[PDB]
Amino acid sequence: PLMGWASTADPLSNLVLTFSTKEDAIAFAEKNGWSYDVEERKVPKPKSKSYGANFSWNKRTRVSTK
Amino acid sequence: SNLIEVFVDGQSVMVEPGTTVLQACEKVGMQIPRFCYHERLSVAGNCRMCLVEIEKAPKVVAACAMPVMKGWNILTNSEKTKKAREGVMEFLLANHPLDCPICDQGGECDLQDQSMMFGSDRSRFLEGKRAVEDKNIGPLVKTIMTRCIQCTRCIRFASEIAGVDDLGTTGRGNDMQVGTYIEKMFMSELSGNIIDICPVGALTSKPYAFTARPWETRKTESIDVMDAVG
Amino acid sequence: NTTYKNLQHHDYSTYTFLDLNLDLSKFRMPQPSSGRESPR
Amino acid sequence: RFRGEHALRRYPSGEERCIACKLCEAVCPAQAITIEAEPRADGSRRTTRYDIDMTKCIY
Amino acid sequence: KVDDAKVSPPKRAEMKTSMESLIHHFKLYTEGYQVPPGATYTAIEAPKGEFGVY
Amino acid sequence: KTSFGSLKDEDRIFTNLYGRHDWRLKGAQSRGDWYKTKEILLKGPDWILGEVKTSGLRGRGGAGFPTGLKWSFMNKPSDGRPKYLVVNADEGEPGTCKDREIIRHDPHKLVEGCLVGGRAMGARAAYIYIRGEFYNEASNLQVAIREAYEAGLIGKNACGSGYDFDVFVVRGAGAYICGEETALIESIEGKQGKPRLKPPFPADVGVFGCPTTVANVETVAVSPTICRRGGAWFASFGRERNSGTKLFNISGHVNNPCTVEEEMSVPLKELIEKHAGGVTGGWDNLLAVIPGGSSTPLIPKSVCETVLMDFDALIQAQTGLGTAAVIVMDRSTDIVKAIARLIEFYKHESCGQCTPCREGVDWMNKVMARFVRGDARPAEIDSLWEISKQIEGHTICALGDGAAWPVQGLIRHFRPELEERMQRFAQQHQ
Amino acid sequence: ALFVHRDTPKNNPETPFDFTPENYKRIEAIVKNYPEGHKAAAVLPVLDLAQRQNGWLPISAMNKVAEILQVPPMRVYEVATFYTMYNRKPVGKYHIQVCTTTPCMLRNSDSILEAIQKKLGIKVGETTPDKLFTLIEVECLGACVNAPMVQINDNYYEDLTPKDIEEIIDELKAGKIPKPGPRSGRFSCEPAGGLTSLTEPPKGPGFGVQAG
Ligand SMILES: Cc1cc2nc3c(=O)[nH]c(=O)nc-3n(C[C@H](O)[C@H](O)[C@H](O)COP(=O)(O)O)c2cc1C
Ligand code: SF4
Ligand code: SF4
Ligand code: SF4
Ligand code: SF4
Ligand code: FES
Ligand code: FES
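Residues numbered from 1 in each chain as written, not as in the entry; some residues may be left out. Chains lettered and ligands numbered in written order. Part of a larger assembly, values for the part shown. Heavy atoms only, no water.

- The record names cryo-EM as the way this model was obtained, at a resolution of 4.1 Å.

- Looking at the PDB entry, one finds chain B named NADH:ubiquinone oxidoreductase core subunit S1, with Ovis aries as its source organism.

- Per the PDB entry, chain A goes by NADH:ubiquinone oxidoreductase subunit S4 and derives from Ovis aries.

This is how it looks when you write it as structure tokens:
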């Protein structure tokens, strides 16, 4: 109220714990007692692109602008 | 059968046929500094930052459109590769203005990150630096086309996934204004996606425009509403 | 023999190219297509 | 080169020299700088709030 | 200073003229210079003794 | 294996250099066209292709590649997509004047060679892309195609064949990049002239997807003489690998600024003093000589006194023998200003796909204008060397390369000249 | 070079523009030359047709072409702003192109512009305060063997001199057509000397062939 800041009564607010495997992640979350939620890793899907696919004859894939 | 060998820096791996160098480098964990490539659009070999030296080659080929022939040996971190990257980065920072404070992508530029981790440090080009007149693309998208590096990404974006075709290249040489000639509002659905397609601070948000800066804000997981897709 | 055998080109007006195109458009193969009327 | 008041400046015959690009809050080791920035109706980028904790300020 | 504009910041005149100097100033003060990983120890003469920083 | 040869008359490729005997299908009939062509077209494409690869044809227009190998690449067995032949009738490269004269005099031989090429590689139709500023001779080519169609001589069943073949003309709109390998192809397609990439070859995907090829007017025009004439008689002139005829065109500071047909090799001083006038003001008056073209570095006097006119000799002189601009310049003029205008030409003609040619030609034009004024320090001229090394090999087409080379020639030969010029401006300011 | 439209009526559609239906027959000839399914290729010939039916083209001409060939208009704007044919800025009747890069400047092209300056009056690049004498300088138009070359609408002029500059300007003020052949003698692209090349007329089909 005096300045217009952001105050909180949350000591565990601004932590982040960087791990390198989900196995030891869940192991540590079980180990130090707190409950936990596990989201899942989503990879970039590999594709099939070519400049020749951009420049087909009859196929409607055509950049038409470059 | 459907497997082609590359020695990415002497490291052998099997690659699906038809794919190109950059997908193999992301298969082995490498990146390549790239601008005009994007993983949802067509491939248009324009950025020239994506170069990489293959052995037994007098030139240095671009790693977007070159198909993977059998048994390569790809030098991602050779000598003239780094020399070419320094050269092309030094070209890119000639016609780009000094708007790093007032821009809207301070921590979230791409020129800045690539110019640190691959670019030179001492500059040249004492006199010049063309200026481009901005447009009003719409009251939802702030537009300063001087920061545009003509990377030709929004055009393929529109011409494929929007289909609208209101953004074209006008001119030649140093003078290539990218935009709409007729001052028509580029307004359709998914037009909000173009301010994240723009890899520099040229096409940006209008209501957000000068309200924050990316390093202070914290990210939070969430799910979309108002639509059945999420 | 120093006589310029051309200057038959001297008479050319503006539309002579397209007029020759229109006069020389027939007896021609039918421009084979494939499927769609357009790339869209 | 003494370090005192933490003053601001303005242009010769002009408005505030500040831009509110938050570099000083980005580098302030005590995190004493607090910046909240809005542009005015004229189009140029400016501020709302610019706070220095002279308590926290290590100078 | 060093002539390394990825670690030491450039001087202010060539900052406000050049582009690369402005980019290096900006990201050098936001993110800071990256450091290769590992551990080191060194110690010098403080007047109290082996001042070690690890 | 002679003394590099010299041309003798009536062994020439074509007559009617200027204004001479005839301009008619009957004129081509008198000068020896559409002669024996039936069984030439009806023998078998392997014979014609072996003949082309036997003759040792050196491709023109600024590429220097052996044409027989490229047309051997054009011998893919045919799929459902048709094959096209493109005739590049564009003249950029200031100094060229070259196939303007061919397409004014003898378009019938162009029709000869393009039907030969279409029968040769299993092609189907020949587009002829002429520069848009060539309207008069384009209409002369139209009159020639009118005559060719009116004789019943091409089209369906050319000269009594079982073969169909049509030729078209597409006018340009004016850009040096229109005369390139593949921005040409998309300029046919209706896109603005902007190239494609080399790893898709033009022999795979071309005009909308047609496996096609492109050739210069001279190579197409000399191709039916290879078929109707003997093997290696064309290769009997000049040197071993590069062997044949070329228009050597000498504009600039000479007497009789003109064109000659000569053989593959000639000594340069004999070329200047014998067959086209000579140097204005004597042989020692000249500042420099630019062979090759505008995509070729300069050559000073002491080099070019003995440097003859051959591809391999000019490559050993670190110059790319392009086409037709094989001229000199006098000591009286500023080659600084000449090269500065050449770089202004490159700025005003380039599309902006690649970042490096755009920014490099930008710096080169501004810095060469500064050197016309002579403002900077010699560290700047070594920096000009630095950017001129960094441009080449980082582009799509060879326009940035042809921008990079004259700066390299100027630095490699005229270093103290620029040193003295900048010293003069230092004394001028101070 | 002002690549933004800046509406300004005498532009700002709908400017009145239309072709004769005879020109529509020309347009069907032009897209009869090209293969079907890729109708969008004839933008450059159709748009040069529009520039010749109306000397400078407005934006309504481009919208008309876009309505004909049913392409998106942005392709037409790209092609129009790209090349060097299409004077989108309005001009007079004639159009004067002094062409010079390297050899023409090497053969005193600037004195030609001095002559056009002190006779025509107005500056280079600018225009006259009437029609039919819009003036620009341009890069290479091929014919380098001759003097700095003057191109007017579909016409070359080669091997000039300042008094023949005055002659061609007087011919333009008289309005009648000159001949596109070069002035100052040597009637073609010629050696100005005495034909060091061929003398005797060629036999043609009679000399050396090989098993036709
Ligand atoms: C920058 C550039 C400029 C070119 N200029 C010309 C030209 O003026 N004339 C031409 O016929 N071809 C030109 N070409 C195309 C090549 O020379 C092409 O190989 C040639 O037309 C046909 O090949 P060949 O004659 O070497 O066998 C150019 C290509 C590029 C990349
Ligand atoms: S506006 Fe942005 S996305 Fe579009 S070409 Fe310019 S830099 Fe690329
Ligand atoms: S786009 Fe990037 S380089 Fe350009 S002003 Fe913005 S932050 Fe700086
Ligand atoms: S926010 Fe801080 S660093 Fe940025 S202009 Fe204002 S006072 Fe300077
Ligand atoms: S080098 Fe320049 S002119 Fe050539 S394709 Fe690249 S951008 Fe275009
Ligand atoms: S990604 Fe290869 S050129 Fe930009
Ligand atoms: S420069 Fe004027 S014709 Fe080539």
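Some remarks on the overall build of chain B
Link 1 in the chain: The secondary structure content of chain B amounts to five helices and nine strands.
Link 2 in the chain: In sequence order, chain B lays out its α and β elements as β-β-α-β-β-β-α-α-β-α-β-β-α-β.
Link 3 in the chain: Dimensions of chain B, computed from the C-alpha atoms along their principal axes, are close to 55 × 50 × 40 Å.
Link 4 in the chain: Out of the 230 residues in chain B, the part that is buried amounts to 54%.
Link 5 in the chain: Looking at chain B alone, contacts between residues at least 24 apart form 62% of all its contacts between residues at least 6 apart.
Link 6 in the chain: When the accessible surface of chain B is summed, it comes to about 10,900 Å², and 53% of that surface belongs to carbon and sulfur atoms. (Helix = DSSP H or I, 4+ residues; strand = E, 2+ residues; numbered from the N terminus. Buried < 20%, exposed > 50% of the residue type's maximum accessible area, 1.4 Å probe, protein only. Contact = heavy atoms within 4.5 Å. Areas by Shrake-Rupley, 256 points an atom, 1.4 Å probe, with all protein chains shown as cover.)

Details of the overall build of chain A
Link 1 in the chain: A tally of regular secondary structure across chain A gives two helices and zero strands.
Link 2 in the chain: Its C-alpha atoms give chain A a radius of gyration of 25 Å, more than 25% over the compact-globule value 11 Å for 66 residues.
Link 3 in the chain: Seen along its three principal axes, the alpha-carbon backbone of chain A occupies a region of about 65 × 45 × 15 Å.
Link 4 in the chain: Going through the 66 residues of chain A one by one, you find that 17% of them count as buried.
Link 5 in the chain: Carbon and sulfur atoms form 53% of the exposed surface of chain A, whose accessible area is close to 5,800 Å².
Link 6 in the chain: Across chain A, the 11 positively charged side chains and the 7 negatively charged ones have centroids separated by 26 Å. (Rg over C-alpha atoms; globule rule 2.2 N^0.38 Å. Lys, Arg positive; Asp, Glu negative; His and termini not counted. Charge placed at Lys NZ, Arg CZ, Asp CG, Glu CD.)

A look at the interface of chain G and chain F
Link 1 in the chain: The interface of chain G with chain F comprises 62 residues on the first partner and 73 residues on the second.
Link 2 in the chain: A per-residue breakdown of the area chain G buries against chain F is headed by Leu106(G), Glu139(G) and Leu198(G), which together make up 11% of the total.
Link 3 in the chain: One can count four salt bridges joining chain G with chain F.
Link 4 in the chain: Across the pair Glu139(G) and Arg341(F) runs a salt bridge, and its minimum N-O distance is 3.0 Å.
Link 5 in the chain: Here chain G is connected to chain F by 18 residue pairs in polar contact.
Link 6 in the chain: Mapped onto the side of chain G that touches chain F, the elements with two or more residues apiece are helix 2 (43-53), helix 4 (73-82), helix 5 (103-106) and strand 4 (155-157) of chain G. (Buried area = accessible area lost by both parts, 1.4 Å probe. Salt bridge = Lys/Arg side-chain N within 4 Å of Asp/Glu carboxyl O. Polar contact = N/O pair within 3.5 Å; in protein donor to acceptor, adjacent residues only side chain to side chain.)

Points about the site of ligand 5
Link 1 in the chain: What surrounds ligand 5 is the set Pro195(F), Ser350(F), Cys351(F), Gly352(F), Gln353(F), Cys354(F), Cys357(F), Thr395(F), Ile396(F), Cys397(F) and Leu399(F).
Link 2 in the chain: When the residues that make up the shell around ligand 5 are grouped by side-chain class, the tally is seven nonpolar, four polar and no charged. (Near = heavy atom within 4 Å. Nonpolar A, V, L, I, M, F, W, Y, C, P; charged D, E, K, R; others polar.)

Structural notes on helix 2 (residues 20-30) of chain E
Link 1 in the chain: A large share of helix 2 of chain E lies buried, amounting to nine of its eleven residues.
Link 2 in the chain: Turning to helix 2 of chain E, its buried residues number three or more, namely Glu20(E), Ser21(E), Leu22(E), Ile23(E), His24(E), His25(E), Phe26(E), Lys27(E) and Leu28(E).
Link 3 in the chain: On its buried face, helix 2 of chain E sits against helix 2 (79-92) and helix 3 (111-117) of chain B, helix 1 (23-27) of chain D together with helix 1 (12-17) of chain E.

Details of the pattern of salt bridges
Two side chains with opposite charge may pair up if their charged atoms get near one another.
Link 1 in the chain: This model, assessed by the stated rule, comprises 56 salt bridges over all chains.
Link 2 in the chain: Here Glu189(F) makes a salt bridge to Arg62(A), at a shortest N to O gap of 2.8 Å. With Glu189(F) in the loop between helix 8 (183-188) and strand 5 (213-216) and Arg62(A) in the segment after helix 2 (51-54), this pair bridges two chains. Residues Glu189(F) and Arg62(A) agree in their burial class; the two are buried.
Link 3 in the chain: Across the pair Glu380(F) and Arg377(F) runs a salt bridge whose closest N-O atoms are separated by 3.2 Å.

Section: the environment of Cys109(B)
Link 1 in the chain: Relative to the elements of secondary structure, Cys109(B) occurs in the loop between helix 2 and helix 3.
Link 2 in the chain: Sequence separation between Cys109(B) and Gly201(B) is 92 residues; the distance between their C-alpha atoms is 7.0 Å.

Observations regarding the packing of aromatic side chains
The way to describe two aromatic rings as a pair is by their centre distance and the angle between their planes.
Link 1 in the chain: Counting across every chain of the model gives 22 aromatic pairs over all chains.
Link 2 in the chain: Measuring from centroid to centroid gives 5.8 Å for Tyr4(C) and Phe187(G), while their planes differ by 65°, and the two rings are edge-to-face. Here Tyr4(C), found in the segment before helix 1 (16-23), pairs with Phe187(G), found in the segment after helix 7 (162-174), and the two come from separate chains.
Link 3 in the chain: A relative accessible area of 32% places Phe187(G) in the partly exposed class.
Link 4 in the chain: An aromatic cluster of at least three residues, connected via ring pairs, comprises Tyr84(F), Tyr127(F), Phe168(F) and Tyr34(G).
Link 5 in the chain: Seen from the ring of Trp47(F), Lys43(F) lies directly overhead, with NZ or CZ sitting 5.6 Å from the centre.
Link 6 in the chain: Here the guanidinium or amino end of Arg52(G) rests over the ring plane of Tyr135(F), the centre of that ring lying 4.3 Å away. (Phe/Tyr/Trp six-rings, centres within 6.5 Å; stacked < 30°, edge-to-face > 60°. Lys NZ or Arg CZ within 6 Å of the ring centre and 35° of its normal.)

Considerations on the side chain of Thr143(B)
Link 1 in the chain: Looking at the secondary structure, you find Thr143(B) in strand 6 (residues 141-143).
Link 2 in the chain: Beyond its immediate sequence surroundings of up to four residues, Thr143(B) is in contact with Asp134(B), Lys135(B), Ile137(B), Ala202(B) and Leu203(B).

Let's talk about the pairing of strand 3 (residues 51-54) of chain B
Residues and elements named next belong to chain B.
Link 1 in the chain: Side chains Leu51 and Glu53 project from strand 3 onto one buried face, and the interleaved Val52 and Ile54 project onto a second face that is buried too.
Link 2 in the chain: In terms of strand pairing, strand 3 meets strand 4 (residues 61-62) through two bridges, oriented antiparallel. Bridge pairing in strand 4 places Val52 opposite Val61.
Link 3 in the chain: Connecting strand 3 to the next strand, strand 4, in antiparallel fashion are six residues, including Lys56 with a positive phi near 60°.
Link 4 in the chain: Alignment of strand 3 against strand 5 (residues 72-75), held across two bridges, turns out to be antiparallel. Residue pairing in the sheet places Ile54 in a bridge with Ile74 of strand 5. (Pairing = 2+ DSSP bridges.)

Structural notes on the sheet that holds strand 11 (residues 299-300) of chain F
Residue and element names in this part refer to chain F.
Link 1 in the chain: Taken in spatial order, the three strands line up as 11-10-12 in an open sheet, and their pairing is antiparallel. Of all strands in the sheet, those with a lone pairing partner are strand 11 and strand 12 (327-330), marking the two edges.
Link 2 in the chain: Relative to strand 12, strand 10 (residues 286-290) runs antiparallel, the two sharing four bridges. Counted as the bridge partner of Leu286 is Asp330 from strand 12.

A few points about the sheet that holds strand 2 (residues 134-138) of chain G
Residue and element names in this part refer to chain G.
Link 1 in the chain: Spatially, four strands are ordered 2-1-3-4 in an open sheet, and the strand pairing comes out mixed. Across the chains shown, the open sheet's two edge strands, defined by having one partner strand only, are strand 2 and strand 4. Within this sheet the neighbouring strands show an average axis-to-axis angle of 25°, counted without direction.
Link 2 in the chain: The pairing of strand 3 (residues 149-152) with strand 4 spans three bridges and is classified as antiparallel. Across the sheet, the residue bridging to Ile152 is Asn155, located in strand 4. (Axes fitted to C-alpha atoms, helices over the stretch in contact; angles between N-to-C directions.)

Some points on the environment of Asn140(F)
Link 1 in the chain: Mapped onto the fold, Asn140(F) is located in helix 7 (residues 135-150).
Link 2 in the chain: Since its relative accessible area comes to 3%, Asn140(F) is described here as buried.
Link 3 in the chain: Taking the C-alpha atoms as reference, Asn140(F) lies 6.8 Å from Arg104(F); in sequence the two are 36 residues apart.
Link 4 in the chain: Dropping the residues within four chain positions of it, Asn140(F) is found in contact with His9(C), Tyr12(C) and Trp23(F).
Link 5 in the chain: A distance of 3.0 Å separates the side chain of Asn140(F) from the side chain of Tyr12(C), its partner in a polar contact.

Digging into helix 15 (residues 378-391) of chain F
Residues and elements named next belong to chain F.
Link 1 in the chain: With 14 residues, helix 15 should reach 20 Å at 1.5 Å per residue; the first-to-last C-alpha distance of 20 Å fits that figure.
Link 2 in the chain: Taken together, the buried positions of helix 15 are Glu380, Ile381, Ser383, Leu384, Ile387, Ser388, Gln390 and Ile391.
Link 3 in the chain: Residue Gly393 follows helix 15 closely and has a positive phi angle near 80°. (Expected span 1.5 Å × (residues − 1).)

Some details on the packing of helix 6 (residues 109-120) of chain G against helix 7 of chain G
Residue and element names in this part refer to chain G.
Link 1 in the chain: Running from N to C, helix 6 and helix 7 cross one another at 45°; their axes reach a closest spacing of 10 Å. Relative to helix 7, the element helix 6 is oriented oblique. Here helix 6 and helix 7 pass one another in a crossing that is right-handed. Contacts between helix 6 and helix 7 involve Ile112, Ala115, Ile116 and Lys119 on the former and, on the latter, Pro162, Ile165, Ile169 and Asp170.
Link 2 in the chain: A breakdown of the residues in the contact of helix 6 with helix 7 according to their chemical character gives six nonpolar, no polar and two charged. (Parallel < 35°, antiparallel > 145°, perpendicular 65-115°, else oblique. Left-handed = near helix turned anticlockwise from the far one by under 90°.)

A look at the arrangement of the chains
Link 1 in the chain: Where 13 pairs of chains are in contact, the pair with the most contacts is made of chains F and G.
Link 2 in the chain: In this assembly chain D lies apart from chain G, the nearest approach of their C-alpha atoms being 22 Å.

Section: the packing of helix 6 (residues 107-120) of chain F against helix 9 (residues 217-228) of chain F
All names here are of chain F.
Link 1 in the chain: Close contact between helix 6 and helix 9 brings their axes to 7 Å; oriented N to C, the two are set at 75°. Between helix 6 and helix 9, the angle falls in the class roughly perpendicular. Along the contact surface, helix 6 presents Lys109, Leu110, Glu112, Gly113, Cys114 and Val116, while helix 9 presents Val217, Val220, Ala221, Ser223, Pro224, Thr225, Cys227 and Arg228.
Link 2 in the chain: Grouping the amino acids of the contact of helix 6 with helix 9 by side-chain chemistry returns eight nonpolar, three polar and three charged.

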